[PDB]
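Derivation of every value follows stated rules applied to the coordinates shown; laboratory data play no part. Here the Cβ is made from the backbone with ideal geometry for all residues, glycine too, and neighbour counts use every protein chain on show.
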């Protein structure tokens, strides 16, 4: 449950959105996407 | 193997590659982060129309600063050691007070800590460097000769080149820290000539920590190189890298993590564009539209809520125990946890920098008495239990709960049973002392001690027996 | 090396560059901030229609200034030392009382620090300068000769040119302070001629603090130059820059920090435009078929206060068991606390500066701190320490909370122990002295109203040791 | 009755959110994970019963 | 069972159980020499039993 809670916090921080978008939270800036 | 000159060009090539990669990528990303934080137009605003941009990370930072201040800047209980119970009081709390009374309260207060948080939040990399300086000015009583002090500073993370395959503090094979180190420092070093770069010639310098083997053998420990301008350097065997390289989020295995901008970029974009559309609608209307957009605007604050500020309200039986379940399940707790463990390494590093040789000074920890702090044990372990996802129960929750329960129990026992049979004045000392840390007056304001003392025998053992 | 005139032109070039950059950028920023503060039209107010502007930063200042006034301008207990335990009663409280009884109560009270907060808030930078003068007018008993004294003043931060690559007080390579120093001051200096600039010719002068070396060697220490008009100057090596350059928000590594306007400009804009839209709606409904609107807009109006609620003013109501302990967790984690925090440490540097400025030589003055007696503070130790813990995010327990808590808890404990155990086992009159004393400083009557000392005194032996024993 | 007390604590501290499919397709994780806000997709009904 | 690429943080629970189970034993046992009584034949208890 604790692992799932922290993983949920992580995925909410990124969120499902050529270089695989860099997990949506890396040195990307602009994507250039379902909620 | 017998490397004396090829190390110079190898370090130059490493510095150039790190400059290219780190500079380009990280600088562009942090420029985007800062332009988001300050709210200037993104550049996509067509001319002749307002480019109003609403800052959505500024309030996030303003909301997270007080929580961080409360969790860190509250007492010296941030990090403990808890060694073997039989003999623990010899340096565990003593070294804890040493570190939290030197770093805090003697190393520019929390300014280094505040800038470290800012670096790990907006600058994307919170890392500081710890090193030594020589204390001077004796009386020639107050003969302060050969004294030296170990301090910490920001590494100007714009100039913190490092190999990108580190993913951890003790994994980087090439650490570059770039500084000014002006002509005065050059004269102090003793270099007679100059480099390509008025006395103040804004010269530039760098320091490289990298594991190398220049002695004709296997790979040795770290090497510290004062690579300034491909000139006279200060090469030295280096044992431990003094850095912390925060990622602020327990990100995946990479040297640096994401940032507040990385997680609020979409929110700021949507908020700014929908504000721009709303003011455009108002300007053109002067068919109509509805104010329901403002309604969605509400969850836009909850959008900053959806990542960090989950308390949409000001602060979202037994009257809401544990500060209403940790300020409404604020995940800053778990974030603090990783913060703490990063700082754990930091403390250990500075502990080493004081465990080798610092000075003969003594601690003013509520009372006189501290042996020379030049040879403490490292203990090879720390803790962050009383701050975060560990024990981490803060002041007032323990205050009400513990005080009420143990106080009612103790007064009931005193009325019915007595004092010595259960928890007594020796341990009612602790009962009151935990209240003292609940209010911050531990030793001096109230002694309250009376465990076994010359006043105890005459008061608790002589007259109290013959009363 | 052997620079006597090239320094003049170099300083002039630095002054011109600082003028350009600082003037343009910071002056336009502070002009916009002032227009927002004064409710001036934003420029989008089209003619023929009302352009009413609603001020929002003003009331924010109105809430947050008094909080600073209580947390700073309340007694001399704000800032301390906690030095070596043995050598504290000799100087620690003595030196702290001297420095605060000088700064407050002898240097225009709160006015200098009030304007300091004003400058760091509205116009993005709060900085003051510490300087010295000579005391005169003896009886020629009361011979007030050769006395020299230390003041501090607002630098008129509109005239505080400095290199932008400092990001800290002790990092600037060129500090410029512009003043008038009229012709009376020039004749006091002794210059016979004038510059480009009736006796008072509104002349302008400047002072530069910068590291240089005119001795043909490596870079020397700070140099103080009285560069007025490229004329007779007062060149002198300097030791410490007496400036504090507050930023009020501890922004990222740059010399100046963003202001309340820089964060509430959007809120002021949206409030003004929505209320102007409200009055335009009222107009068009008065003349009139245009469909009406709903009052739900006003509902969103409400959260704009919550906007000031969410930024700085979380206390939307009057104030945001045991009746809301710690003043309800400091009004639900009030951020002004941490604000005071960094302001405090800024004063810390100033508290060092004046201390050194006083550690050299001031006079043979004594203190009236609860008693007569204070040694000559012209040769103290700096102690190389300064502490601002008990007024902020640290211990910082404000008066009433710790007041009621400590008093009721220790009083019930004292009565219970005296009845059951007795005064001997727990706290005795030796520490009941301190028991009374925290109340004394809570209500501000420490020594004079109530002495209550009785540690070991001539009255102690006759009262505590003679009659209390033979009773 | 220990089991009933802990089940009652479970249902009181959980909250049965009656949400349709097509929005939050991943079972809410049996409402056992921490994110903060419910949200569906484009609608705004949301039916959490206490 | 921790898949690669994600943190393997584990929350400890039995540690608190141990930390709350030794102190009670410490009070109930390591307090005086009355831990174990004999009460043998009523012949001589203070001379040999105690």
Quiz prompt | Single residue of segment B:239-255 satisfying the filter (within 14 Å of chain A (Cβ to nearest Cβ) and in contact with a helix residue (DSSP H, G or I) (Cβ under 9 Å, 6 or more places away or on another chain)) that is farthest from residue B:155 (Cα to Cα) | solution = B:252
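With the structure loaded, tell me whether residue C:308 is surrounded by fewer than 17 Cβ atoms within 10 Å (Cβ to Cβ) and closer than 21 Å to residue C:58 by Cα or whether it fails that test. Step through it out loud before you land on a result.
Working: surrounded by fewer than 17 Cβ atoms within 10 Å (Cβ to Cβ): no; closer than 21 Å to residue C:58 by Cα: yes.
When the stated conditions are applied, residue C:308 does not pass them.
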Exercise. Of the conditions (1) surrounded by 15 or more Cβ atoms within 10 Å (Cβ to Cβ); (2) in a helix (DSSP H, G or I); (3) within 25 Å of the chain's Cα centre (by Cα), residue B:27 clears all except one; give me its number.
Key: (1)
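For segment B:151-184, enumerate the residues that are in a helix (DSSP H, G or I), away from chain C (no Cβ under 12 Å) and in contact with a helix residue (DSSP H, G or I) (Cβ under 7 Å, 6 or more places away or on another chain).
First, pick out the residues of segment B:151-184 that are in a helix (DSSP H, G or I): B:157-159, B:169-171, B:183-184.
Checking which are away from chain C (no Cβ under 12 Å) leaves us with B:169-171.
Hit for segment B:151-184 is B:169, nothing else.
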Practice problem: Please find, within segment B:123-141, the residue that is farthest from residue B:339 (Cα to Cα) out of those that are crowded, with 22+ Cβ neighbours inside 10 Å and within 10 Å of another protein chain (Cβ to nearest Cβ). | Solution: B:123
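Results for (1) touching a strand residue (DSSP E or B) at 6+ places or on another chain (Cβ under 8 Å); (2) over 30 Å from residue C:307 (Cβ atoms), shown as yes or no for each residue.
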residue: C:225; (1), (2): yes, yes
residue: C:230; (1), (2): no, yes
residue: C:237; (1), (2): yes, yes
residue: C:249; (1), (2): no, no
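From C:446, C:437, which residue is surrounded by 14 or more Cβ atoms within 10 Å (Cβ to Cβ), within 14 Å of chain B (Cβ to nearest Cβ) and more than 30 Å from residue B:415 (Cβ to Cβ)? Lay out the reasoning, then the answer.
Details: C:446 fails: within 14 Å of chain B (Cβ to nearest Cβ).
So the residue among C:446, C:437 that is surrounded by 14 or more Cβ atoms within 10 Å (Cβ to Cβ), within 14 Å of chain B (Cβ to nearest Cβ) and more than 30 Å from residue B:415 (Cβ to Cβ) is C:437.
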Quiz item: What is the number of the single condition among (1) closer than 24 Å to residue B:349 by Cα; (2) within 14 Å of chain A (Cβ to nearest Cβ) that residue B:264 does not meet?
Solution: (1)
Quiz item: Can you tell me which of C:264, C:278, C:270 is in a helix (DSSP H, G or I) and closer than 30 Å to residue B:157 by Cβ?
Solution: C:264
Quiz item: Looking only at segment C:317-355, which residues are within 17 Å of residue C:63 (Cβ to Cβ) and part of a helix (DSSP H, G or I)?
Solution: C:327, C:328, C:330, C:331, C:332, C:333, C:336, C:337, C:338, C:339, C:340, C:343
Self-check item: Residue count for segment B:190-200, restricted to those that are more than 21 Å from residue C:3 (Cβ to Cβ) and either surrounded by 15 or more Cβ atoms within 10 Å (Cβ to Cβ) or within 7 Å of chain C (Cβ to nearest Cβ) (or both)
Solution: 1
Quiz item: If you go through segment C:9-41 one residue at a time, how many are closer than 17 Å to residue C:228 by Cα and within 14 Å of chain B (Cβ to nearest Cβ)?
Solution: 5
Quiz item: Any idea which of (1) within 12 Å of chain B (Cβ to nearest Cβ); (2) more than 14 Å from residue C:304 (Cβ to Cβ); (3) in contact with a helix residue (DSSP H, G or I) (Cβ under 6 Å, 6 or more places away or on another chain) is the one residue C:258 doesn't satisfy?
Solution: (3)
Practice problem: Residues being more than 12 Å from chain A (Cβ to nearest Cβ), farther than 25 Å from residue B:300 by Cβ and not in a strand (DSSP E or B): count how many of those fall in segment D:13-50. | Solution: 5
Quiz item: Assuming residue C:64 fulfils every condition listed in (1) surrounded by fewer than 16 Cβ atoms within 10 Å (Cβ to Cβ); (2) closer than 30 Å to residue C:399 by Cα apart from one, which condition is it?
Solution: (1)
Quiz item: Would a scan of segment C:364-383 turn up a residue that is crowded, with 18+ Cβ neighbours inside 10 Å, in contact with a helix residue (DSSP H, G or I) (Cβ under 6 Å, 6 or more places away or on another chain) and within 13 Å of chain B (Cβ to nearest Cβ)?
Solution: no
Quiz prompt | Residues of segment B:45-102 satisfying the condition of being part of a helix (DSSP H, G or I) and away from chain C (no Cβ under 13 Å) | solution = B:92, B:93, B:94, B:95, B:96, B:98, B:99
Exercise. Name the single residue, out of those in segment B:453-467 being surrounded by fewer than 12 Cβ atoms within 10 Å (Cβ to Cβ) and not in a helix (DSSP H, G or I), that is nearest to the other protein chains (Cβ to nearest Cβ).
Key: B:467
Quiz item: Any idea which of (1) within 11 Å of chain C (Cβ to nearest Cβ); (2) surrounded by fewer than 16 Cβ atoms within 10 Å (Cβ to Cβ) is the one residue B:410 doesn't satisfy?
Solution: (2)
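It is to be established whether one or more residues within segment B:304-316 are assigned to a loop (DSSP other than H, G, I, E, B) and more than 14 Å from chain D (Cβ to nearest Cβ).
Within segment B:304-316, the first condition is being assigned to a loop (DSSP other than H, G, I, E, B), and the residues that meet it are B:308-316.
Filter once more, keeping what is more than 14 Å from chain D (Cβ to nearest Cβ): B:314-315.
Checked against the condition, which is being assigned to a loop (DSSP other than H, G, I, E, B) and more than 14 Å from chain D (Cβ to nearest Cβ), segment B:304-316 yields at least one hit.
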Quiz item: Applying the selection to segment C:274-304, what residues are in contact with a helix residue (DSSP H, G or I) (Cβ under 9 Å, 6 or more places away or on another chain) and under 30 Å from residue B:64 (Cβ atoms)?
Solution: C:274, C:299, C:300, C:301, C:303, C:304
Self-check item: Candidate set from segment C:384-407 (those that are more than 7 Å from every other protein chain (Cβ to nearest Cβ) and either closer than 23 Å to residue B:467 by Cβ or in a helix (DSSP H, G or I) (or both)); member that is nearest to the chain's Cα centre (by Cα)
Solution: C:399
